[PDB]
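> Right, I'll just put the structure down here and ask away after.
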Amino acid sequence: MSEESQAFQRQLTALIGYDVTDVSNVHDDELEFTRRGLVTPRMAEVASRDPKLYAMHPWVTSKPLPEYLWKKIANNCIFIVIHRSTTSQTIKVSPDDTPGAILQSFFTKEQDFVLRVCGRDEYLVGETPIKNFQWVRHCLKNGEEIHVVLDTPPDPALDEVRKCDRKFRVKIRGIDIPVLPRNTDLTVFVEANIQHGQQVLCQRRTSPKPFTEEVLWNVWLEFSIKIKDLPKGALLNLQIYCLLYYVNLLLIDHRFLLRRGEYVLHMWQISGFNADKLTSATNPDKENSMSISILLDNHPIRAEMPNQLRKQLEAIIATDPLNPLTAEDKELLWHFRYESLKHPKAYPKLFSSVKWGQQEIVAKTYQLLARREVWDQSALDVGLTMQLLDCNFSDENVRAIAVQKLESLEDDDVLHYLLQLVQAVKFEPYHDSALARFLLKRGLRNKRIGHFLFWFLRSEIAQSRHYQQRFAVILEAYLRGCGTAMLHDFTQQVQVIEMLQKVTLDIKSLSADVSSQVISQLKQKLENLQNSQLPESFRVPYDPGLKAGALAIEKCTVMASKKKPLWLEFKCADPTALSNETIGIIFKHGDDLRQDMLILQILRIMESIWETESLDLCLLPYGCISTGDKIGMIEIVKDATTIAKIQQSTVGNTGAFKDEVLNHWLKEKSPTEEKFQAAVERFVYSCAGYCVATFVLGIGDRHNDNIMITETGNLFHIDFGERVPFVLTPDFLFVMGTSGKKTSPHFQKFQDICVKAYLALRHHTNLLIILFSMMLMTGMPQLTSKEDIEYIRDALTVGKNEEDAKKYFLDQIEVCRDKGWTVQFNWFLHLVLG
Ligand SMILES: CC(C)(O)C1CCN(Cc2ccc3nc(-c4cnc(N)nc4)nc(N4CCOCC4)c3n2)CC1
């Protein structure tokens with residue numbers, strides 16, 4: 001390649017955090033094949049994107065405007081403040097007025113201008129009703145004013161893109177590990193599993209042998225499955241037991257070819273189920289890791305139901321996603337497959353009833369799929385679609401009909417589910433997949449989706465040896481089409497994160513309570529960085545529309561919180577920014593912020609769900625991005641303190657919690673009596689939202705040091721990485737004006753809200769369960785494909801009328817009353833002292 005073409009790939013590499021041209025850790029060309037394969041989807045989408053829409057990235061939705069926002073518009077009038085220089089003129093508008101019209105009613109009171117939000121790279125442009133812009137909806141909910149500046153549209157030139165019937169068998173040669181302890185005397189054997197969507201088709205193990213650094217077997221393992229019966233995507237799973245090591249090899253390759261020949265596979269060690277176990281990547285660390293040597297030496301392609309069985313069938317289909325299928329259930333599902341195909345909700349269980357280890361059945365299964373009239377006309381059910389993209393499905397045709405459904409998601413909804421879509425790539429047998437191409441397409445079509453796609457990917461690439469390789473191929477494909485302007489923005493962001501992280505680690509390795517000394521070191525380090533050299537503005541990775549300028553080193557500090565987190569403040573790079581407020585970012589090692597990311601995203605989904613039912617529980621899912629191993633960034637919400645601090649103020653380092661302090665804190669913090677009363681109601685709304693959300697997720701029992709509140713009454717939980725269903729302590733209860741078995745107007749309001757909030761979530765039980773399940777598989781350590789997952793099943797009272805459920809939750813609230821400060825107090829003894 002050219003001297004400059006090389007220098008382009010180094011740039012990508014630095015952006016990616018991984019080198020997709022390195023081939024030290026492959027035994028085939030699937031990654032490189034995927035690179036070339038992804039060229040066609042990339043160019044297609046880049047070739048088909050409107051340059052101007054793309055450059056301006058309008059953030060819109062096609063959902064109805066919630067009942068709670070209509071009410072704020074009691075005139076069918078919407079005021080917009082337009083800004084030009086120092087001048088400023090407000091303009092009445094109809095909620096249905098497109099920006100081209102609003103412009104046109106304005107030059108009435110040279111037409112190549114565009115309405116941009118003040119202090120943001122956010123544009124109100126395009127043929128969408130003014131009421132259908134997310135920013136406009138955001139202002140309304142909060143009671144904030146829509147301020148827009150009239151300026152020139154961004155030049156799309158900046159967005160330039162750089163130009164057989166034999167039974168299967170496998171010979172296990174031996175295992176090799178360089179150094180083991182002396183020793184103790186252990187015994188070992190090799191387990192070989194033919195897997196498909198975590199379904200084991202057959203299993204053979206070798207005999208036991210004393211665990212030495214080299215163990216040779218030279219043995220053929222003969223399986224019962226015929227070569228012609230192997231399904232594409234089946235894994236050869238190789239495991240060592242004393243279980244200590246595992247590695248996987250795809251039996252059918254990306255070219256539909258039977259794997260053949262000599263392999264030396266460096267395995268992964270178990271630390272002390274999860275999607276890492278599924279990876280087709282081998283350990284990069286060839287010098288320390290256990291290695292296994294094997295050899296391969298073996299190419300592909302009615303009657304109406306009796307009333308009682310259908311009833312039996314329907315009772316099966318109506319059950320939840322975590323419900324086990326019996327042998328009888330699968331035989332029923334399958335025998336009556338044609339009837340089953342008419343029910344979209346049956347699809348996951350139906351496709352779990354497939355004998356994937358039998359070629360004729362799979363063939364019949366494909367026959368089923370060609371008559372997908374009922375599936376293709378059905379309304380998108382994201383919960384349902386997601387269930388087909390999890391670890392239970394390895395068949396690419398099955399996974400493809402799910403992705404097909406995702407095609408109709410609009411940007412607004414693709415964002416909601418993006419994080420978990422990206423995580424779902426881990427369940428893909430192959431690097432190139434429909435899901436992967438989908439993500440690729442949607443990122444290249446929309447800068448906001450693309451920005452978040454980038455950071456999500458880069459997050460896994462930086463802490464996942466198991467899947468970094470695959471993702472990097474995908475991230476590269478995206479960066480080769482997002483265009484020059486973004487490349488630069490990304491570069492800026494990456495430099496910033498890499499420099500601040502360096503500062504973060506360096507600061508932590510100085511102590512374990514507070515130090516005038518360490519604060520002084522921090523500011524000094526920041527002085528060196530600010531000049532020189534750190535990009536002179538950079539987009540905020542969790543709030544892309546926002547541009548951070550220069551540090552306000554005076555306001556920066558080291559928080560006395562544990563892992564010694566950096567509290568950072570920035571000026572806004574955009575001078576057209578109304579307020580004079582800084583941009584606050586916490587930078588912290590070492591929490592596994594991936595968990596925090598996932599909890600917060602599900603939180604945003606709960607918000608969206610509630611939105612469909614015209615509810616606003618006032619959640620505050622602040623931005624959070626895991627950038628690397630136990631390191632990442634967190635959005636600082638302005639004017640917010642922890643409930644714990646509120647209580648350490650009036651009393652010292654106790655303990656002796658008081659009921660009235662919180663209300664007291666709100667009145668002090670309220671300028672008028674009108675603002676106070678708004679804060680009191682907002683507290684009631686934000687409290688209820690978190691009580692419900694944390695309970696359904698099983699993270700309700702928290703110490704109040706992990707619960708915050710805004711000066712405006714917005715309660716919110718943080719740090720997601722006897723007992724209580726959630727935190728509803730006397731202080732919260734006092735604010736609503738009640739204490740100890742004494743209802744009240746604000747408290748009836750509270751209850752009533754929770755129930756509505758609760759029963760609404762239950763209408764989306766399956767979605768919540770699949771997202772939870774996946775979250776656990778791709779986001780938390782090894783788990784139990786049983787008990788962890790089942791908490792939420794119990795929490796959402798699966799299989800009960802709305803009446804029992806309402807009463808279930810009210811009961812949960814009563815548990816809180818009865819416990820009072822008992823549980824907080826306990827938390828205090830434990831976390832504060834021992
Ligand atoms: C005592 C100090 C240093 O003078 C400050 C410390 C900051 N506190 C508030 C505070 C404390 C701990 C916090 N901890 C987190 C946090 C979140 N997730 C994880 N994993 N770890 C820590 N987030 C916070 N918020 C969140 C957004 O609002 C502002 C910061 C946060 N705020 C006020 C006085």
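Each chain in the structure tokens gets a letter, A, B and so on, in the order shown; residues start at 1 in every chain, and ligands are counted from 1 in the order they appear.
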If you take only C-alpha atoms and all ligand atoms and a cut-off of 8 Å, which residues of chain A touch ligand 1, and what are their nearest atom pairs and distances in Å to one decimal, in chain and number order, as CSV?

residue,atom,partner,partner_atom_place_in_ligand_line,distance
A:557,CA,ligand 1,3 (C),7.0
A:558,CA,ligand 1,3 (C),6.4
A:559,CA,ligand 1,3 (C),3.9
A:560,CA,ligand 1,3 (C),5.4
A:561,CA,ligand 1,12 (C),6.3
A:565,CA,ligand 1,22 (C),7.7
A:567,CA,ligand 1,3 (C),7.5
A:584,CA,ligand 1,29 (C),7.7
A:585,CA,ligand 1,30 (C),7.9
A:586,CA,ligand 1,30 (C),6.7
A:588,CA,ligand 1,21 (N),7.2
A:591,CA,ligand 1,20 (N),5.8
A:592,CA,ligand 1,20 (N),7.7
A:593,CA,ligand 1,20 (N),6.1
A:596,CA,ligand 1,20 (N),6.3
A:622,CA,ligand 1,27 (C),6.4
A:634,CA,ligand 1,17 (C),6.6
A:635,CA,ligand 1,27 (C),5.4
A:636,CA,ligand 1,29 (C),3.6
A:637,CA,ligand 1,28 (O),3.7
A:638,CA,ligand 1,29 (C),6.3
A:639,CA,ligand 1,29 (C),7.8
A:640,CA,ligand 1,28 (O),5.8
A:641,CA,ligand 1,9 (C),4.8
A:642,CA,ligand 1,9 (C),5.5
A:645,CA,ligand 1,33 (C),7.7
A:705,CA,ligand 1,12 (C),7.5
A:706,CA,ligand 1,14 (N),7.0
A:708,CA,ligand 1,32 (N),7.3
A:718,CA,ligand 1,17 (C),4.6
A:719,CA,ligand 1,18 (N),3.5
A:720,CA,ligand 1,20 (N),6.0
A:721,CA,ligand 1,20 (N),6.1
> List the neighbours of segment 667-680 of chain A out to 10 Å using only C-alpha atoms; skip same-chain residues closer than 5 positions along the sequence, and give me the result as an MDAnalysis selection string.
chainID A and resid 639 662 685 710:714 735:737 746
> Got time to write the residues from that selection, C-alpha atoms, as an mmCIF file, in the first residue's frame?

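Once everything was written out, this is result-v2.cif:
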data_model
loop_
_atom_site.group_PDB
_atom_site.id
_atom_site.type_symbol
_atom_site.label_atom_id
_atom_site.label_comp_id
_atom_site.auth_asym_id
_atom_site.auth_seq_id
_atom_site.Cartn_x
_atom_site.Cartn_y
_atom_site.Cartn_z
ATOM 1 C CA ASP A 639 -26.453 20.457 42.106
ATOM 2 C CA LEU A 662 -33.983 15.676 54.206
ATOM 3 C CA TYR A 685 -42.017 10.906 41.493
ATOM 4 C CA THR A 710 -30.724 17.147 43.248
ATOM 5 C CA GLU A 711 -31.430 20.513 44.844
ATOM 6 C CA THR A 712 -34.629 20.369 42.714
ATOM 7 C CA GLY A 713 -35.781 17.158 44.437
ATOM 8 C CA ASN A 714 -34.683 14.494 41.928
ATOM 9 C CA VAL A 735 -40.788 14.578 52.995
ATOM 10 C CA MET A 736 -44.065 13.232 51.615
ATOM 11 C CA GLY A 737 -45.399 14.175 55.057
ATOM 12 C CA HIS A 746 -48.305 12.838 49.026
#
> Go through segment 634-697 of chain A and collect every residue that DSSP, computed from the backbone, puts in helix (DSSP H, G or I); the answer should be as a PyMOL selection string.
chain A and resi 643-650+661-668+674-697
> Choose the residue, out of A:334, A:68, A:417, A:821, that has the smallest atom-to-atom separation from residue 740 of chain A; count only C-alpha atoms.
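Smallest separation from residue 740 of chain A among the options: A:821.
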> Can you tell me, as a short mmCIF file (atom, residue, chain, number, x, y, z; two decimals) with C-alpha atoms, in the first residue's frame, what residues are no more than 10 Å from segment 70-85 of chain A when counting only C-alpha atoms, ignoring any on the same chain fewer than 4 positions away?

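Once written, part-v3.cif looks like this:
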data_model
loop_
_atom_site.label_atom_id
_atom_site.label_comp_id
_atom_site.auth_asym_id
_atom_site.auth_seq_id
_atom_site.Cartn_x
_atom_site.Cartn_y
_atom_site.Cartn_z
CA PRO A 64 -46.94 10.05 20.12
CA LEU A 65 -46.25 12.94 22.42
CA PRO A 66 -46.99 11.64 25.97
CA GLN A 89 -36.70 37.24 19.24
CA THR A 90 -39.26 34.71 20.47
CA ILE A 91 -41.76 33.23 18.03
CA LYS A 92 -45.13 31.57 18.63
CA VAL A 93 -45.42 28.27 16.75
CA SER A 94 -47.87 25.38 16.21
CA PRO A 95 -46.65 21.96 17.51
CA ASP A 96 -46.98 20.65 13.94
CA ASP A 97 -44.71 23.25 12.33
CA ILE A 102 -40.83 28.05 11.25
CA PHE A 106 -39.67 34.10 10.60
CA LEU A 115 -31.95 26.06 13.59
CA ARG A 116 -29.22 24.78 15.93
CA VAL A 117 -29.59 24.33 19.69
CA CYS A 118 -27.55 26.89 21.58
CA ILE A 130 -41.27 20.51 15.70
CA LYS A 131 -42.98 18.41 18.40
CA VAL A 136 -37.85 19.87 22.27
CA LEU A 140 -40.91 20.54 27.89
CA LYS A 141 -40.65 17.75 30.46
CA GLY A 143 -39.89 23.16 32.00
CA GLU A 145 -36.83 27.01 27.37
CA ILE A 146 -36.09 26.18 23.76
CA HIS A 147 -33.30 28.47 22.73
CA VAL A 148 -32.06 28.22 19.19
CA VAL A 149 -29.44 30.13 17.20
CA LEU A 150 -29.75 30.75 13.45
CA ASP A 151 -26.46 29.84 11.80
CA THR A 576 -23.42 30.28 22.04
#
> Give one line per residue of segment 540-589 of chain A that approaches segment 503-514 of chain A to at most 7 Å, naming the two atoms of the closest pair and their distance in Å to one decimal, counting only C-alpha atoms; sort by chain then ascending residue number and deliver it as a tab-separated table.

residue	atom	partner	partner_atom	distance
A:560	CA	A:514	CA	6.2
A:563	CA	A:508	CA	6.4
A:564	CA	A:508	CA	5.4
A:566	CA	A:504	CA	6.4
A:587	CA	A:504	CA	6.9
A:588	CA	A:504	CA	6.7
A:589	CA	A:505	CA	6.8
> As a ChimeraX atom specification, please: all residues of segment 231-381 of chain A that backbone DSSP puts in strand (DSSP E or B).
/A:235-241,245-250,252,258,261-266,268-269,291-296
> Between atom CA of residue 207 of chain A and atom CA of residue 189 of chain A, what distance in Å does the model show, to one decimal?
5.9 Å
> When distances are computed from only C-alpha atoms, which of A:767, A:169, A:683, A:495 shows the smallest separation from residue 749 of chain A?
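Among A:767, A:169, A:683, A:495, it is A:683 that comes nearest to residue 749 of chain A.
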> Hey, which bits of segment 422-526 of chain A sit within 10 Å of segment 58-61 of chain A, and for each residue what's the closest pair of atoms and how far apart in Å (one decimal), counting only C-alpha atoms, rows by chain and increasing number, as a Markdown table?

| residue | atom | partner | partner_atom | distance |
| --- | --- | --- | --- | --- |
| A:446 | CA | A:58 | CA | 8.7 |
| A:447 | CA | A:58 | CA | 9.3 |
| A:448 | CA | A:59 | CA | 8.0 |
> In Å, how far is it from atom CA of residue 595 of chain A to atom CA of residue 458 of chain A?
15.7 Å
> Which of these residues is nearest to residue 554 of chain A, using only C-alpha atoms: A:454, A:570, A:690, A:772?
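With only C-alpha atoms as the atom set, the closest residue is A:570.
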> Excluding residue 24 of chain A and any residue of its chain fewer than 6 positions from it, enumerate the residues within 12 Å of it, using only C-alpha atoms, and give them as a PyMOL selection string.
chain A and resi 266+281-286+469
> Within 12 Å of residue 704 of chain A, counting only C-alpha atoms, which residues qualify if same-chain residues fewer than 5 places away don't, as number ranges by chain?
A: 641-648, 655, 657, 709, 715-719, 726-729, 731-732, 821, 823-828, 831-832
> I need the chosen residues saved as a short mmCIF file (atom, residue, chain, number, x, y, z; two decimals), in the first residue's frame, with N, CA and C atoms.

data_model
loop_
_atom_site.label_atom_id
_atom_site.label_comp_id
_atom_site.auth_asym_id
_atom_site.auth_seq_id
_atom_site.Cartn_x
_atom_site.Cartn_y
_atom_site.Cartn_z
N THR A 641 -26.27 16.00 45.72
CA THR A 641 -25.50 15.44 46.83
C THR A 641 -26.05 14.06 47.20
N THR A 642 -25.27 13.30 47.96
CA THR A 642 -25.70 11.97 48.37
C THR A 642 -26.55 12.10 49.63
N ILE A 643 -27.59 11.28 49.71
CA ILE A 643 -28.51 11.20 50.86
C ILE A 643 -27.72 11.01 52.15
N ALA A 644 -26.62 10.29 52.05
CA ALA A 644 -25.74 10.01 53.18
C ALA A 644 -25.15 11.32 53.69
N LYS A 645 -24.68 12.18 52.78
CA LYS A 645 -24.05 13.43 53.18
C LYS A 645 -25.05 14.33 53.86
N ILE A 646 -26.24 14.38 53.28
CA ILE A 646 -27.37 15.08 53.84
C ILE A 646 -27.45 14.65 55.30
N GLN A 647 -27.23 13.36 55.58
CA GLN A 647 -27.36 12.98 56.97
C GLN A 647 -26.09 13.13 57.83
N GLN A 648 -24.90 13.10 57.22
CA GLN A 648 -23.66 13.36 57.96
C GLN A 648 -23.57 14.86 58.30
N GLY A 655 -25.09 7.35 61.37
CA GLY A 655 -25.45 6.40 62.41
C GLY A 655 -26.83 6.85 62.85
N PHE A 657 -29.46 8.44 62.39
CA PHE A 657 -30.25 9.04 61.33
C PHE A 657 -31.48 9.75 61.86
N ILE A 709 -29.53 13.05 45.47
CA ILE A 709 -30.67 13.91 45.20
C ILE A 709 -30.22 15.27 44.69
N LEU A 715 -34.40 12.39 43.11
CA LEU A 715 -33.63 11.32 43.74
C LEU A 715 -33.11 10.36 42.68
N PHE A 716 -31.88 9.88 42.86
CA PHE A 716 -31.30 8.89 41.94
C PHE A 716 -30.17 8.06 42.57
N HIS A 717 -30.14 6.78 42.22
CA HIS A 717 -29.12 5.80 42.64
C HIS A 717 -27.85 5.77 41.78
N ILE A 718 -26.71 5.46 42.41
CA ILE A 718 -25.42 5.37 41.70
C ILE A 718 -24.62 4.09 42.05
N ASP A 719 -23.44 3.93 41.43
CA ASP A 719 -22.48 2.86 41.77
C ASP A 719 -23.04 1.44 41.61
N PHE A 726 -36.21 -2.30 48.64
CA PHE A 726 -35.60 -1.07 48.13
C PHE A 726 -35.43 -0.08 49.27
N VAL A 727 -34.91 1.10 48.94
CA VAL A 727 -34.66 2.11 49.96
C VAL A 727 -35.81 3.11 49.98
N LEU A 728 -36.59 3.03 51.05
CA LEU A 728 -37.65 3.97 51.32
C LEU A 728 -37.65 4.16 52.81
N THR A 729 -36.79 5.06 53.26
CA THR A 729 -36.55 5.25 54.67
C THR A 729 -37.38 6.41 55.22
N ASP A 731 -36.89 9.28 56.35
CA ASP A 731 -36.59 10.61 55.83
C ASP A 731 -37.32 10.91 54.53
N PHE A 732 -37.36 9.92 53.65
CA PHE A 732 -38.09 10.03 52.39
C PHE A 732 -39.57 10.17 52.69
N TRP A 821 -34.94 2.43 59.93
CA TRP A 821 -33.54 2.72 59.68
C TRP A 821 -32.67 1.49 59.94
N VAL A 823 -32.01 -1.34 58.44
CA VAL A 823 -31.13 -1.81 57.39
C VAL A 823 -30.04 -0.83 56.99
N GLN A 824 -30.38 0.45 56.91
CA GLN A 824 -29.37 1.47 56.66
C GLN A 824 -28.28 1.41 57.73
N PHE A 825 -28.73 1.33 58.97
CA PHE A 825 -27.87 1.27 60.14
C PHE A 825 -26.90 0.09 60.02
N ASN A 826 -27.44 -1.04 59.57
CA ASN A 826 -26.63 -2.23 59.40
C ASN A 826 -25.58 -1.99 58.34
N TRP A 827 -26.01 -1.39 57.23
CA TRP A 827 -25.11 -1.03 56.15
C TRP A 827 -23.99 -0.14 56.69
N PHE A 828 -24.35 0.78 57.58
CA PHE A 828 -23.36 1.68 58.17
C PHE A 828 -22.28 0.91 58.94
N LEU A 831 -20.23 -1.16 56.00
CA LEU A 831 -19.37 -0.47 55.02
C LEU A 831 -18.44 0.63 55.57
N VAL A 832 -18.91 1.32 56.60
CA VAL A 832 -18.22 2.43 57.26
C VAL A 832 -17.19 1.90 58.26
#
> For residue 322 of chain A, which of A:627, A:34, A:6, A:392 is the closest residue, counting only C-alpha atoms?
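Among the listed residues, A:392 lies closest to residue 322 of chain A.
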> Out of A:387, A:13, A:367, A:88, which residue has the shortest atom-to-atom distance to residue 472 of chain A when counting only C-alpha atoms?
A:13
> Between atom CA of residue 214 of chain A and atom CA of residue 176 of chain A, measure the distance and give it in Å to one decimal.
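Those two atoms sit 4.6 Å apart.
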